[PDB]
Amino acid sequence: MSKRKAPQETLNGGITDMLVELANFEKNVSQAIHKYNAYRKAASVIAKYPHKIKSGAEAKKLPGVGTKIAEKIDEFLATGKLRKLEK
């Protein structure tokens with residue numbers, strides 16, 4: 001908790017962070033669950049991935065992800081399509 005100085009709203013991706021969060025549920029999705037394995041594989045290829053993906057097709061190329069959790073990936077970067085101040 002509190003290592004040096006983390007951002008207030010992360011940078012952009014934060015994919016493996018919210019994917020591992022569902023695996024950390026320890027209640028609705030603790031261990032030996034039916035969908036708990038979905039986040040274990042999708043998070044194994046996402047966290048290895050450079051993270052951050054504007055187009056949803058990115059999670060498609062990621063092996064193990066691209067059927068149900070792929071929508072949750074875009075959910076992270078779904079409300080982060082703000083502009084970057086033009087000119």
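Taken together, the values in this text are just the output of simple stated rules run on the coordinates, not laboratory data. Reconstructed Cβ throughout: ideal geometry from the backbone, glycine too, with neighbour counts over all protein chains shown.
Worth pointing out:
- Count of segment 54-71 residues which are in a loop (DSSP other than H, G, I, E, B) and on the phi < 0 side of the Ramachandran plot: 8
- From the options 60, 48, 54, 41, residue that is without any contact (Cβ under 8 Å) to a residue 40 or more places away in the chain, touching a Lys or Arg at 6+ places or on another chain (Cβ under 8 Å) and not hydrophobic (A, V, I, L, M, F, W, C): 54
- Per-region count, segment 1-21, residues more than 17 Å from residue 66 (Cα to Cα) and out of contact with any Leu (no Cβ under 8 Å at 6 or more places or on another chain): 14
- Check on residue 4, among the basic types (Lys, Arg) and either outside any loop (DSSP other than H, G, I, E, B) or touching an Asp or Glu at 6+ places or on another chain (Cβ under 8 Å) (or both): no
- Enumeration of residues in segment 11-53 that are among the basic types (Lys, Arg), assigned to a loop (DSSP other than H, G, I, E, B) and within 12 Å of the chain's Cα centre (by Cα): 52
- In segment 54-74, of all residues being basic (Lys, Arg) and under 14 Å from residue 15 (Cβ atoms), the one that is nearest to the chain's Cα centre (by Cα) corresponds to 72.
- Among the residues of segment 65-85, at least one is in contact (Cβ under 8 Å) with a residue 40 or more places away in the chain, out of contact with any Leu (no Cβ under 9 Å at 6 or more places or on another chain) and surrounded by 13 or more Cβ atoms within 10 Å (Cβ to Cβ).
- Segment 62-85, residues that are farther than 16 Å from residue 18 by Cα, in contact with a helix residue (DSSP H, G or I) (Cβ under 9 Å, 6 or more places away or on another chain) and among the hydrophobic types (A, V, I, L, M, F, W, C): 62
- Of the criteria (1) surrounded by 13 or more Cβ atoms within 10 Å (Cβ to Cβ); (2) on the phi < 0 side of the Ramachandran plot, which one residue 50 fails: (1)
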